[PDB]
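Here's a solo chain for you in structure tokens, the form deposited in one PDB entry.
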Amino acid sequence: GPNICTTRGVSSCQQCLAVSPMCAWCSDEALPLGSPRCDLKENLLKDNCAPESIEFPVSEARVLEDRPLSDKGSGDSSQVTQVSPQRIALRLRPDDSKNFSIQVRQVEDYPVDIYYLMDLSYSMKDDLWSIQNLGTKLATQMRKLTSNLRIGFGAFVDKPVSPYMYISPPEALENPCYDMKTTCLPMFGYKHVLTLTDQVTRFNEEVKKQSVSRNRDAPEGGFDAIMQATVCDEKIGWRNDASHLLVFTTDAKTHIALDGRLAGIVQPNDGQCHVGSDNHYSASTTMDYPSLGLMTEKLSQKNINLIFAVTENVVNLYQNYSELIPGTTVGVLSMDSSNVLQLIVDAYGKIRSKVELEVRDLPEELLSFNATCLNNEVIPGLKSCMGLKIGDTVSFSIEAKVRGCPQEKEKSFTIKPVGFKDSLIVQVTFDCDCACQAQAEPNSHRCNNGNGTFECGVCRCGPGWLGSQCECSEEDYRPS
């Protein structure tokens, strides 16, 4: 017996189907008229209204196109595929639901940003090839690990003020190395050279075009370069999504905060961006060197991993400095670039990624995801797996529960993992209609000019009307 289907009222095939999917509509004379056409499926099957006269839809979730997720990101063999199925068709009912699976794989390489500060004081002239080789292989070996890389350039000597720079002869003021009968450039401070760009050749070949300066005191002002490379996002060109690495080169000790007192520079560092239109650090001679705590704060605030590339004679000093900068590392600036490329690889190996799902074009009538994450955690409720790595897979599940029937038949909605070049859409389609009355026969003379709705073979008469064609009146119908 129908607990719902018939007890909520029966008026037409469309209204009959407006009830939950548990109900169907019969339109044949194969059984007596003891109950409306909306008897429940258990009654429909046994009473067995004619098979050709049953209006019983079933939701269909079918793949429209499903190109499998690629296991390689190489362009020589694939265009990569990150979400599947790309499009699934959905036949729907105004109160039905059906399972709809979806899958994600991280295939495209992680974006990286490696910026390279240069020590160009006269101290470095003895091993300039070391720093140049390091700058070259930073690019060349990272192109061998990731295809989404951007590299930049910068230099530092020291604040162009006494007692750091030779102001004494006019010759020295434009060629400090005069006193040694040799030529070298005037002192910079800190000056940005090449903005972050993907052109390896330009950076690789333009590294070789830099040369040394000279200052007096052994400590060099590299910390100002650190602070300005970190905080000047526009000039540097840091990219929001990419992993940021900063490689800092130096051969000697470092000017730490409060060392600027000797030069009359008693203004604390503030971390603002001061690189000018000429790409020089304007406040180089106005602002003291930065504090390790301030450097750590600004280095974490902008997600930078700093790697010290220093020579064998200062490794211990900078290691001990490293522990005061939590998260920093350090390597030898030997003639061969080893032990700093290792730190770069190790940094790449720890940048895990997130897979969040966002939806657009989704109408109000249609579910929240249950996320199955790595290590086969099948957790309901959660819809955003974290800690993923390239080559891994995460699976999501959703069912298209319906809240009603919309204005028209055809709609769609698009799902997209955040930050992915791939996405999928469903051409969701709702079958609220019925084929019985589409024949235009209703309200004809065969239904007594509209005294009943045509069931595609028999007229369903309204109150006060009776007969297959509504040719009789209930008030006049009497025993005879």
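The numbering used is simple: start at 1 and walk along the sequence shown. Think of the rigid core as the biggest set of C-alphas that the two forms share within 1.5 Å after superposition.
Keep in mind that the form deposited in another entry is missing from the display, and what follows is about it.
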Would the C-alpha of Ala139 be classed as shifted by 2 Å or more between this form and the one not shown after rigid-core alignment? no
Would you say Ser412 moves its Cα by 2 Å or more between this form and the one not shown, aligning on the core? no
2 Å or more on the CA of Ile425 between this form and the one not shown, with the rigid core superposed, yes or no? no
